[PDB]
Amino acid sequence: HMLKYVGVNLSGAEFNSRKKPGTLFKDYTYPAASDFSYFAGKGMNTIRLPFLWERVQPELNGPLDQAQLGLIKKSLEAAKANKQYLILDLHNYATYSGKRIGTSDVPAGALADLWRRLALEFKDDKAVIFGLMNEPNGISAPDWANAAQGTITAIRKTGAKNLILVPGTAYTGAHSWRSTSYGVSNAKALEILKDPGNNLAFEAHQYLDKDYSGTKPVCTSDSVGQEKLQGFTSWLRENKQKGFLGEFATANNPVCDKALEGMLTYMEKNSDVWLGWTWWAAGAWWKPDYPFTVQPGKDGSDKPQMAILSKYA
């Protein structure tokens, strides 16, 4: 891989998000150790690990749940053992128990407290990357940027030097990064961020179906992925920043495979600003008909898209 960090999302800990706390192995799961070794064997050195704010911190501004933290630490041991980096993905869409950040119920400061606590736990660890928030939405780009700044600050106040992945609002889509249709763009709002630790990258997501939601197993053309990454890539370059494609996926068909090759090659050619990517998704709890799974079969076999991802790893 020409990019620094390449891998997959190991999805499962974020499942059944309405259930709080939920029960391990019934409502959600953490990944098997064997998942980490399988992907390591494919050349992948990075795992994005979704988990829920509500499960790791059952009361806002309160102590972390030690059982939940122990599960995260167990996954970290597996990643380290397999020479992988672990992205802690607070997989919450800028909400806590259904309420948006910025409301009276969930002040921006509550997210900063969460991250202060995780940073204190993981600061002495080079394998750990902090994924501040999965797909913020329902919040303006300036407001989200204020929340993100508060969180970066809280992390750095602990002495933590770990890489922080910072998303925008609008589900952090690469394609819409520069859009001013509805007001201030992610591009404009996030220009003012400061990281006194100088170890930040911007996380974008990109799907290739008609509304870029990953709702359908269709790629609208054989070049749409690379096309949708261009604006964001230029913004990174303009601002001397790095980027990370925290989620992307393509279905198993010829037009999608071409689009996937094109977007992976595009990020390789633009590796001055692309730090890496993590495919959505693997993990043991996807049904076999889920169009984007790269979880190996019960029979040990590789999924179709893995043959392409492995080439770029």
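The numbering used is simple: start at 1 and walk along the sequence shown.
For the pair 276-284 and 59-67, the mean B factor over Cα atoms is greater in 59-67.
Comparing 188-196 with 210-218, the higher mean C-alpha B-factor in the PDB entry belongs to 210-218. For the set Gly168, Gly150, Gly138, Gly98, the PDB entry puts the maximum C-alpha B factor at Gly98. Take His175, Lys126, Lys73, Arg116 and read off each C-alpha B-factor from the entry; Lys126 has the highest.
Residue-level temperature factors show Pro254 in the middle third of its chain, judged at the C-alpha atom. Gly246 sits in the lowest third of its chain by CA B factor, as recorded in the PDB entry. The deposited CA B-factor of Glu203 belongs to the lowest third of values across its chain. In the PDB entry, a CA B factor belonging to the lowest third of its chain's modelled residues is recorded for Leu10.
Sort the modelled residues of the chain by CA B factor and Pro50 lands in the lowest third.
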